[PDB]
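What follows is a single structure, written as structure tokens, with notes after it.
Quick reminder, even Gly has a Cβ in these numbers, built from the backbone with ideal geometry, and neighbours come from all protein chains shown. Please treat every number below as a calculation from the coordinates, not as lab data.
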Amino acid sequence: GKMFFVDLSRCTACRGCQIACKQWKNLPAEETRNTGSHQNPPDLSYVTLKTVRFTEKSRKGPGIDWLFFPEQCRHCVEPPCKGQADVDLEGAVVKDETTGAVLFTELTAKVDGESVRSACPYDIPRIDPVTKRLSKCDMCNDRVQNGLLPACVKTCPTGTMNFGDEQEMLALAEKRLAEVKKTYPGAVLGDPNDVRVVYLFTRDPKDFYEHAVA
Amino acid sequence: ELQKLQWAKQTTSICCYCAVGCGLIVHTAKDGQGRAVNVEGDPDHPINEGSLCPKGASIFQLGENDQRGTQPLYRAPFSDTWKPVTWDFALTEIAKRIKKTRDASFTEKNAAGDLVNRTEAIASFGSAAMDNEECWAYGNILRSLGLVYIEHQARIXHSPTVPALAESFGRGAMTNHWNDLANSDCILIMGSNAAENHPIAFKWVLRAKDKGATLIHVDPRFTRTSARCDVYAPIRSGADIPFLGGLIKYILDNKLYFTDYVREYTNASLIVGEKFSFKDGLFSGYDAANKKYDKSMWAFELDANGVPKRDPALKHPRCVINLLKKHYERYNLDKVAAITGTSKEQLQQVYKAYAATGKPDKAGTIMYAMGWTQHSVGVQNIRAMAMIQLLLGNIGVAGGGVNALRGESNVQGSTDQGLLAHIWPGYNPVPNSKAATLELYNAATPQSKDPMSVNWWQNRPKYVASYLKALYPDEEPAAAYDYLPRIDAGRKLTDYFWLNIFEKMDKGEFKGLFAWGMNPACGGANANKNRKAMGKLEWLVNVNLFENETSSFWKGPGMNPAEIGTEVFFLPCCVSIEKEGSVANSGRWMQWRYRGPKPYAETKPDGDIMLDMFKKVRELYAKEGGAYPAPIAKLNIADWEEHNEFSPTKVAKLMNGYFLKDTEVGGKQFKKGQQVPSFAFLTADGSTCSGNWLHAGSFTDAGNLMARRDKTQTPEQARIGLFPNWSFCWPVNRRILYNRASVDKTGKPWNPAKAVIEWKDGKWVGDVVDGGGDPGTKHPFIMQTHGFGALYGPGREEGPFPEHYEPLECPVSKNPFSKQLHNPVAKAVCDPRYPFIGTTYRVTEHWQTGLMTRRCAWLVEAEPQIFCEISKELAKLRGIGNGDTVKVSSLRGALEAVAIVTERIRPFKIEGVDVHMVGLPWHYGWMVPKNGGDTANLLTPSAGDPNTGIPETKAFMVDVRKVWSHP
Ligand SMILES: Nc1nc2c(c(=O)[nH]1)N[C@H]1C(S)=C(S)[C@@H](COP(=O)(O)OP(=O)(O)OC[C@H]3O[C@@H](n4cnc5c(=O)[nH]c(N)nc54)[C@H](O)[C@@H]3O)O[C@H]1N2
Ligand SMILES: Nc1nc2c(c(=O)[nH]1)N[C@H]1C(S)=C(S)[C@@H](COP(=O)(O)OP(=O)(O)OC[C@H]3O[C@@H](n4cnc5c(=O)[nH]c(N)nc54)[C@H](O)[C@@H]3O)O[C@H]1N2
Ligand code: SF4
Ligand code: SF4
Ligand code: SF4
Ligand code: SF4
Ligand SMILES: [S]
Ligand SMILES: [W+6]
């Protein structure tokens, strides 16, 4: 299958990835306002599959530890969302056996929306008030199957976003974690044996977001 | 198959935002006959490799946008409503407005009786957003009409600093290029927020880090750039010269300068005359009454031939290097730490890390953009960077340079095309009234008797002749010379520039303004004054993508349309992906892009708008006559046209230039009609035309070199990423300027592992050599009169060495380096009701005044409203909570913003007092979106910098007060 390696030690929070996701799928913009943060949209929603979360942490000496987290579906090897959806209707949540993508179909409207979201340990699924369809990151599965990188990966200027076969990406993640640890001693990979979106966090993943890891 | 892209034609483009010059792929429905369906990164482009920041990434949303202008709008005097009109109508009435104002105002001769042939009743603003061919055509249309008040973006951010690089190296351009950053061993980012403002630059910056480079950010604020650097050093606003002066002292004291490089390639060895001195903060030749220097007191000691004398031993006490040592002894760590607010420990860390690049096998680069360099000593700030780079042997080398980051996608090109009052295309000066003949004009160019000094500007007569032969090919250059307008020799140069155009407008001295691809109602400092001032225009032509604060100033906040007599034409132009042409990026890469979809609705490329508008002025002069018609009627516009339309291809071939008859030049034969293969084969005798000598080599008989998409590289090219077969850069595809300085006198690289050029088998291999000649036979700075990198720069108004003069007027009373507090060559009120230092800056997601990005829902989504960034200390002082509405006020105006309370802003320690800085984005305007807010330029003074003629947008006094809501 396929895998993202997301090296958050390289992220400039440019939000190219946030825009690129909406442009490829032609998603609408939310109504947003500034509530004392650069972060916006403030959360994932039916029309927002990825938002970059900003957290400021004090450090001794000048400046801050500014933590950026471009949030997206982890495309879990064994997705709980599927297990929950399969209680109400099989075919609502499916697994692409070629890429490993976890995919919501139009039949998510026929399952319990709250239940499937509750089952996700990363709190990823979002419900349309109108149709009751569930939405999330689909790994740009169509692009991937046609040779192309996911939109958010291709757009990323810093080398934060990496995509490929799970063998080369796990190997990159382990090699890169060893190198990043020299500058950031508390650097860890996010649930690397359980997910296809493997984040390198520069410190306690929970500092980036409360649902950064399961 | 991907359904979205099925049946869509793929074309290439270049991002229409910042000067990185990222490649795009555009998909257009119906195999090109329809609308764009997709815009994303070009995976094959060597700069971005398919990456885009959110601005590039959202260009689909900019183009396929139902808020865009569809057709010309007309506003009649005192009207409170637009009236849709035809192109034929709007351009007819505009052509009658031009001629009417020109005929009434044209002056064949000034008060002193000198030939001038100009009109001072019309001004033009813009634009760095236009294609190079459209910039070159536009400037020449305005000048043929006799305008002298021709300005754009470049004046505000770039013009204040360019002279620092011209003085130092001989050219004003960014010395290296984006890919080259990956070869640097130490990257100093200072007066730049490149992660936000040149985002794809960080691909290459972080690649430098991957190969062991130290990344250093020196900034009053902690930004998205700071987050990804190894070292963040806070600096107090305006303390850059102390910081850099300390680094110079450190380099000199510790012998960390590259002696071999410094001895041969800088003016370190030149003997300064006895008349030079510095004491109590003043250079010799100071006229206290007129606050001005007699620069002849700074002259070099000259030998029998008029060549500056040299001590190659560097022992003579009046050697530049020994005077430099003496000047910078005062800049000790304690005083620099005290004024900068940077800890002594951090100063040492940065100094050690950066000065380590003095070693031949190490390269350091400095990235700066605008920062705070707009003030009177901004030029000296950059001078200091240039001097540090010359001491450490970092000029001409891979991973070195002064990377002066350009702002807009084509601000490099729009400057190159002479859309500033003082220059023609190719940096040939606009003649003044005393330059009464072409012979007199050419006499001004300085000569050198040094046999090793290339002094390439001696070729100027070939470029001026060829440029006059491009505009008027039936006339002898000397005759053509009289057609183009001249400025008053006696008048102060800044009287013709951006800020005095706003002063003249507010005095009612302008009948007509072209706001062509600019939003002055938001972009100009002191917006309340400028918005009023536009009311005093009789007419205004706005050429833009959207209705905006400029087009519609007459119905803005507190405006009564009934009282406002200005006649406004709004002419909607097409977005970048709807037209063909070139844009010159920060690295001088002149990149060809193609039409994706046809222009939206009835929008037009700028080239068609300007050409049709001119053609109508022409018709109207041929059938009525009027003021001096000769310049209009004889202007060669036939070379600008194909199939009844503006031809980017034909204009680009003219700007390159062609032979007007069979010619022997450089010992080779060239046929009539044939393309000039390089500016080296241009002539003064009218054998050649060329609209811009810098473009000679860009479009040859081999074809359009700007359109090359060839990644072919030799190993030595690929090792530093020159990509010489990808597009074309002026001059003659020299990717790294001053590259002769990268080798010793045998032509061997200082750093072979990062060679730029190398002498092999009687040839320079690698980059194109910046100046022909065997190794050790030429001085490496070929555009300098004397041929050296200038550590000592006697052409600078404030002195030949940078000196700390306090740019922060209000909170500072003491200068620790001399008795001279403020710039002795340069009226702030400092009202106590406004105790905070207001500053304006950018975020990644918005572009300029936000006219473009406030129309893109995904960018508004991310950054929906004007905000005010403040420290916890100022928050605690003014009782402001995060997310509270605040009122920000100055003597010039007031606005509301959302408070962002952050440790990313800290108080400055100034003379035992906490001084608070308040940050605002200038990306907002009353037009759009709803609850976006207005321009931060309501707050800023128009009170201009005496020297540069640019106002203060980086340090202006404000107050911040909580706006109370209901409990
Ligand atoms: N996203 C985005 N990118 C842009 C633009 C845009 O609007 N949006 N505009 C483009 C244009 S036209 C231009 S000219 C460039 C300008 O590019 P920059 O010069 O990078 O732009 P700013 O953010 O205005 O200022 C840069 C930094 O200078 C710092 N600074 C302020 N005062 C001082 C001082 O006294 N000393 C030092 N050392 N630093 C100081 C500010 O805190 C800020 O972080 O950006 C270009 N790129
Ligand atoms: N307070 C404050 N003020 C500042 C600055 C600051 O840092 N602080 N920065 C200054 C700087 S560095 C600059 S460069 C200026 C910029 O000031 P302006 O140039 O007035 O700003 P915009 O109009 O937003 O710049 C982009 C314009 O280009 C237009 N455009 C895009 N494509 C085309 C095209 O194909 N044709 C035409 N004709 N127009 C096109 C857009 O629609 C838009 O009007 O602002 C300056 N003002
Ligand atoms: S595109 Fe890359 S650098 Fe930019 S915010 Fe997304 S992950 Fe971070
Ligand atoms: S992250 Fe949540 S929604 Fe995505 S695959 Fe895992 S359980 Fe399902
Ligand atoms: S992989 Fe595709 S769907 Fe998922 S966040 Fe990236 S762009 Fe959006
Ligand atoms: S705005 Fe600049 S960095 Fe961003 S995509 Fe455009 S050219 Fe590249
Ligand atoms: S600019
Ligand atoms: W600019």
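Structure data summary
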{"quantity": "Residue ID - surrounded by the most Cβ atoms within 10 Å (Cβ to Cβ), chosen from residues in the range B:122-156 that are among the aliphatic types (A, V, I, L, M) and either within 14 Å of chain A (Cβ to nearest Cβ) or within 16 Å of ligand 8 (Cβ to nearest atom) (or both)", "calculated": "B:130"}
{"quantity": "Residue in the range B:501-524 that is closer than 30 Å to residue B:741 by Cβ and assigned to a helix (DSSP H, G or I) present", "calculated": "no"}
{"quantity": "Condition check for residue A:176: of a type in the set (D, E, K, R), part of a loop (DSSP other than H, G, I, E, B), within 14 Å of chain B (Cβ to nearest Cβ) and more than 15 Å from ligand 5 (Cβ to nearest atom)", "calculated": "no"}
{"quantity": "Subset of the range A:1-30 [among the aliphatic types (A, V, I, L, M) and either within 16 Å of ligand 6 (Cβ to nearest atom) or more than 8 Å from chain B (Cβ to nearest Cβ) (or both)]", "calculated": "A:3, A:6, A:8, A:13, A:19, A:20, A:27"}
{"quantity": "Total residues in the range A:39-72, condition within 16 Å of ligand 5 (Cβ to nearest atom), acidic (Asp, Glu) and in contact with a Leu (Cβ under 9 Å, 6 or more places away or on another chain)", "calculated": "1"}
{"quantity": "Test result for residue B:276, in a loop (DSSP other than H, G, I, E, B), surrounded by fewer than 24 Cβ atoms within 10 Å (Cβ to Cβ), in contact with a strand residue (DSSP E or B) (Cβ under 8 Å, 6 or more places away or on another chain) and more than 14 Å from every other protein chain (Cβ to nearest Cβ)", "calculated": "yes"}
{"quantity": "Filter result (assigned to a strand (DSSP E or B) and away from chain B (no Cβ under 14 Å)) within the range A:154-171", "calculated": "A:164, A:165"}
{"quantity": "Residue within the range B:710-725 that is more than 30 Å from residue B:207 (Cβ to Cβ) and within 28 Å of the chain's Cα centre (by Cα) present", "calculated": "no"}
{"quantity": "Flag if residue B:104 is away from ligand 6 (no atom under 16 Å from the Cβ), among the small types (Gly, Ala, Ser) and closer than 15 Å to residue B:615 by Cα", "calculated": "no"}
{"quantity": "Restricting the range B:900-937 to residues that are among the polar types (S, T, N, Q) and crowded, with 20+ Cβ neighbours inside 10 Å, the residue that is nearest to the other protein chains (Cβ to nearest Cβ)", "calculated": "B:902"}
{"quantity": "Residue count for the range A:44-98, restricted to those that are more than 13 Å from residue A:138 (Cα to Cα), among the polar types (S, T, N, Q), within 14 Å of another protein chain (Cβ to nearest Cβ) and surrounded by 18 or more Cβ atoms within 10 Å (Cβ to Cβ)", "calculated": "1"}
{"quantity": "Subset tally (residues that are assigned to a helix (DSSP H, G or I), over 18 Å from residue B:904 (Cα atoms) and touching a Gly at 6+ places or on another chain (Cβ under 9 Å)) for the range B:850-893", "calculated": "3"}
{"quantity": "Residue list for the range A:78-124, restricted to those being in contact with a strand residue (DSSP E or B) (Cβ under 7 Å, 6 or more places away or on another chain) and among the hydroxyl-bearing types (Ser, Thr, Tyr)", "calculated": "A:99, A:105, A:108"}
{"quantity": "Among the residues listed as B:168, B:159, B:192, the single one being more than 15 Å from residue B:497 (Cα to Cα), assigned to a loop (DSSP other than H, G, I, E, B) and away from ligand 5 (no atom under 16 Å from the Cβ)", "calculated": "B:192"}
{"quantity": "Within the range B:194-234, considering residues that are of a type in the set (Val, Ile, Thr) and crowded, with 24+ Cβ neighbours inside 10 Å, the one nearest to the other protein chains (Cβ to nearest Cβ)", "calculated": "B:200"}
{"quantity": "Residue among B:713, B:717 that is out of contact with any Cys (no Cβ under 7 Å at 6 or more places or on another chain), of a type outside the set (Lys, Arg) and either farther than 23 Å from residue B:412 by Cβ or buried (at least 21 other Cβ atoms within 10 Å of the Cβ) (or both)", "calculated": "B:713"}
{"quantity": "Candidate set from the range B:2-26 (those that are surrounded by fewer than 24 Cβ atoms within 10 Å (Cβ to Cβ) and within 16 Å of residue A:24 (Cβ to Cβ)); member that is nearest to ligand 2 (Cβ to nearest atom)", "calculated": "B:25"}
{"quantity": "From B:857, B:875, B:894, residue being of a type in the set (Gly, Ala, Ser), within 12 Å of chain A (Cβ to nearest Cβ) and surrounded by fewer than 22 Cβ atoms within 10 Å (Cβ to Cβ)", "calculated": "B:857"}
